[PDB]
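Structure first, commentary second.
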Amino acid sequence: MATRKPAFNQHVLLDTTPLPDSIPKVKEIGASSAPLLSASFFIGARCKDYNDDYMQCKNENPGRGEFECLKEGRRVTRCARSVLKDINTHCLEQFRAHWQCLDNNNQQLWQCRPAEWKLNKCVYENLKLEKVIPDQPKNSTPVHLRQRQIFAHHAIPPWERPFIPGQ
Amino acid sequence: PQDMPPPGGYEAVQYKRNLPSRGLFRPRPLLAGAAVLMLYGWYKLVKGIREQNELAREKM
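If you read the protein sequences in the order shown, they are chains U and W. Just so we're aligned, residue 1 is where the first sequence starts under the authors' numbering, counting upward by one. Just so we're aligned, residue 2 is where the second sequence starts under the authors' numbering, counting upward by one.
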């Protein structure tokens with residue numbers, strides 16, 4: 001269906017026909033927006049190559065990327081699933097803290113820095129997956145590692161510190 | 002007797018114009034005051050927007 005923004009939808013159309021058996025099956029990711037968002041940089045850390053490969057596959061086949069990239073689509077779902085399996089087996093309490101804060105704070109990452117710093121540390125010490133943001137200004141501290149947040153509704157306490165690996 | 006002035010005479014009363022200048026309305030400190038607020042505000046605005054710009058990078 002079209003990517004147009006609807007303005008007068010009053011109905012939803014579903015189709016129960018499954019995929020043909022010739023296509024290998026896959027378990028869809030069963031994580032909501034807020035957990036996906038707390039785990040996005042972790043998914044980016046592990047699956048960046050497969051994510052890039054999938055997107056490059058589609059760009060190689062313009063107008064045909066839905067089909068004939070399915071096998072690469074399946075890899076991206078399995079890799080992301082491995083990060084949400086590993087996090088849920090090693091950082092569950094800290095994971096739930098961050099995504100529950102995110103869900104309560106308009107999904108704004110700068111509103112939950114103490115919960116993020118706790119999860120960032122735990123994830124790094126069990127999964128060796130580290131958060132990275134390309135091209136942040138080298139003349140300033142990275143915004144996600146700043147002790148004070150200007151746009152934060154509640155001030156970050158001074159006993160909650162950013163997680164810098166190697167310290 | 003009759004209503005009369007006091008033997009000395011009533012003391013002098015103020016009638017000449019008295020609208021003394023005050024520093025709260027001189028323009029030079031007011032102009033200096035306004036400039037400092039604007040300068041401080043733009044310092045905070047540069048720091049604010051640059052931070053906001055970095056938050057958009059993380060969100061994207």
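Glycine is no exception: its CB is placed at the ideal position from the N, C-alpha and C atoms.
Under 9 Å by beta carbon: chain W residues contacting residue i
i: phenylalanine 163/U; result: The contacting residues do not exist; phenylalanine 163/U stays about 15 Å from chain W at best.
i: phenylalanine 42/U; result: Within chain W, no residue comes near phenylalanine 42/U; the closest Cβ sits about 14 Å away, beyond 9 Å.
i: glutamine 10/U; result: Chain W residues near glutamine 10/U: none, gap ~33 Å exceeds 9 Å.
i: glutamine 136/U; result: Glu55, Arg58 and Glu59
Short CB-CB distance (under 7 Å) between residue i and chain W
i: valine 143/U; result: yes
i: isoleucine 156/U; result: no
i: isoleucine 133/U; result: yes
Same chain only: Cβ atoms within 8 Å of residue i, ignoring 5 sequence neighbours per side
i: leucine 37/U; result: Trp99, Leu102, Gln107 and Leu109
i: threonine 77/U; result: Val26, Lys27, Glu28 and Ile29
i: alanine 97/U; result: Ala115, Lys118 and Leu119
Contact set between residue i and chain W, taken where Cβ atoms lie within less than 8 Å
i: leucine 109/U; result: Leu56, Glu59 and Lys60
Residue i classed as buried or exposed, judged by whether at least 16 other C-beta atoms fall within 10 angstroms
i: residue 184/U; result: Limits of chain U in this structure are 1 at one end and 167 at the other, which puts residue 184/U out of reach.
i: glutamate 116/U; result: buried
i: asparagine 19/W; result: exposed
i: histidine 11/U; result: exposed
i: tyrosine 41/W; result: exposed
Chain U contact residues for residue i, given Cβ-Cβ distances below 7 Å
i: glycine 34/W; result: Near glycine 34/W there are no residues of chain U at all, since even the closest Cβ is about 25 Å away, more than 7 Å.
i: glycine 49/W; result: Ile150
Residue i CB to nearest heavy atom of ligand 1 below 6 Å
i: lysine 48/U; result: You won't find ligand 1 in this model; it holds no ligand whatsoever.
6 Å Cβ shell around residue i - same chain, five flanking residues per side excluded
i: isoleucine 43/U; result: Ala80 and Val83
Within chain U, the residues that residue i reaches when beta carbons sit closer than 9 Å
i: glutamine 53/W; result: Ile150 and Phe151
> At what residue ranges does the stretch 21–48 of chain U contain a whole run of the alpha helix (DSSP H), taking only runs of 4 or more?
Replying inline: Counting whole runs of 4 or more residues, the stretch 21–48 of chain U contains the alpha helix (DSSP H) stretches 33–38.
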